[PDB]
Amino acid sequence: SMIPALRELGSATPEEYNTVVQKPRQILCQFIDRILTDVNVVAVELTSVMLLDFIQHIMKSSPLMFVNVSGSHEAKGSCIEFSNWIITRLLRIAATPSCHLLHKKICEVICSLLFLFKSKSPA
Amino acid sequence: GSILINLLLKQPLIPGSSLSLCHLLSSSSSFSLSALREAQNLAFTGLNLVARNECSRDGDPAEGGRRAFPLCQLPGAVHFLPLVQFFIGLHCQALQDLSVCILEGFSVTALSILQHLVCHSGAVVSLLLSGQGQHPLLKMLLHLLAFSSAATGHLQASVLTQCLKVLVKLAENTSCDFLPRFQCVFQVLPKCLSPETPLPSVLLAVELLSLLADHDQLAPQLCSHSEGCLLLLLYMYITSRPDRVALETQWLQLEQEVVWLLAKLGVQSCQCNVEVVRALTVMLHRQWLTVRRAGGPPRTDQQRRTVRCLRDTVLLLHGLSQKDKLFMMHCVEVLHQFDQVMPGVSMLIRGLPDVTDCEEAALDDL
């Protein structure tokens, strides 16, 4: 998506920043849904692993996409819901037996996301 | 718990003093030689219930919901509480009067037994849940704790610690609505923090202050006053240590409890707000010194805990860097002492494999 537009809030106010940033967050989401929709469609064999590495690297590269530094209190309810959707996709995988061996790949992204969340604020 | 019966019948929990739990049940010597013999018979009845130990079965599977993993709710425990009332509360009267030492020993033993019961039973807490003046033994305990801090006696030092610990352990498991009761402790707790109050009582104090920040009514209480805020007495005790013994492995514990409190206040989301940051800097240095001289990691678990308080201090100063954005204005005055400690601990934290990437960005700030 527009990772560069996601990096900077710019002219958008926090509430509009919510949408501007949710868009590419939603792109990562769409990528994740098909990836973790079925453990059988994509053999875990543990590339989805490339997508997970990209998700962790993306947490590092775009903390704003993962969580707003200002926090956007009102807006974040949505950022947190989106991260929870991603983590739901991941949990479905972690629920599967074959994907249970591929757990660490599911973790990497979520753990980096938690690091980012703490970085923006400990709460 | 079956262990709760063990604890009940055990050599004096308190080190020394010749205390017999069998005297906590059967001791000739509120007074008048009536109904206290009956209290002793009641202790015997609780022992009878205790023995069978039918309650402590299969890890208390019946209880559910709040207070999850509840110490097996014990009917016998509730029974023991009354004799304890004949004990602890009597000295409280002696306290009301302008000998006492003999009473104080029995009172301390009774408080210890009460601590065990509160910790390991789901009943004596149900008594706390009852509510006011209910749970009158708590009223007696609160009176004693407030007076204990006020007067500095060899008996006063310990009693304060014990009452505080009871309050704290109970407030832990209780619900939020049930913590609106413990609210009364907040007012009396202020005296406890001051150095004049027992150091062991000040540590339990720090613990209960963390707990306060956990409570919604206790939080505002921690920073409610325009002057002081009723907090930062704790910030001041770690920085300046009023103990002749001054064992190094106590101030680290105080500051570490306080640091857990701060991280908890953060997660949960005055001039007093300002003292926590500088005190955290000071502690970051203190924990830093012990490890720096020997070099390498901790040859002590308490030393590992000092290192944990170090990492937590860097992370908490980062949160504090994000907090009151204008961190520098209040920092500058202690800024030299803090700058000495920060970057070397940055190196040390980078050295350890465990340090987190989030703790690492915190570190990055300073």
| task | Sort the protein assembly as shown into rounded, prolate or oblate with this rule: let a ≥ b ≥ c be the square roots of the eigenvalues of the Cα gyration tensor; rounded if a/c is under 1.5, and if a/c is not under 1.5, prolate when a/b is larger than b/c, oblate otherwise. | result | prolate
| query | Looking only at other chains, what is the average number of their beta-carbon atoms within 10 angstrom of each beta-carbon in B:306-319? | reply | 1
| field | Whole-Å distance, taken between Cα centres, linking segment A:15-84 and segment B:212-287 | value | 38
| task | State whether segment B:93-148 is rounded, prolate or oblate according to the following rule on the C-alpha gyration tensor (a ≥ b ≥ c being the square roots of its eigenvalues): a/c under 1.5 gives rounded; otherwise a/b larger than b/c gives prolate, and the remaining case gives oblate. | result | oblate
| field | B:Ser30 versus B:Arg308: modelled label distance in nm, points set 7 Å from Cα along the beta carbon direction | value | 4.4
| message | Rounded, prolate or oblate, given the Cα gyration tensor of segment B:224-364, with a/c below 1.5 counting as rounded? | response | oblate
| Tell me, what ³J(HN,Hα) does each residue in segment B:215-230 have, in order and in whole Hz, if you take phi through Karplus 6.51 cos²θ - 1.76 cosθ + 1.60 with θ = phi - 60° and put x for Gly and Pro? | 7, 6, 6, 6, 3, x, 4, 4, 10, 10, 6, 5, 10, x, 4, 6
| Relative packing of peptides A:7-19, B:312-324 - highest average C-beta neighbours within 10 Å first | B:312-324, A:7-19
| task | Can you grab the distance from the C-alpha centre of segment B:1-60 to the C-alpha centre of segment B:73-91, Å, no decimals? | result | 9
| task | Report, as an integer, the average count of C-beta atoms from other chains found within 10 Å of each Cβ along B:357-363. | result | 5
| request: State the percent of C-alpha pairs, over all pairs in segment B:94-231, separated by a distance greater than 21 angstrom. | output: 40
| message | Let me confirm one metric for peptide A:113-119, namely the mean number of other chain beta-carbon atoms within 10 Å of its residues' beta-carbons. | response | 5
| said: Within 13 Å, Cβ to Cβ, of B:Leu71, how many net charges do the neighbouring residues add up to if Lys/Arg are +1 and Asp/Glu are -1? | reply: -1
| task | Anything over 23 Å Cα to Cα? Flag those among B:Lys10/B:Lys139; A:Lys60/A:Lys120; B:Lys139/B:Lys165; B:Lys10/B:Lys191; A:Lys118/B:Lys264, in the order listed. | result | B:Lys10/B:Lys139; B:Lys10/B:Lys191
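Every number here is computed from the coordinates shown, using simple stated rules; none is lab data. As a convention, Cβ positions derive from the backbone with ideal geometry for all residues, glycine included, and neighbour counts pool all protein chains shown.
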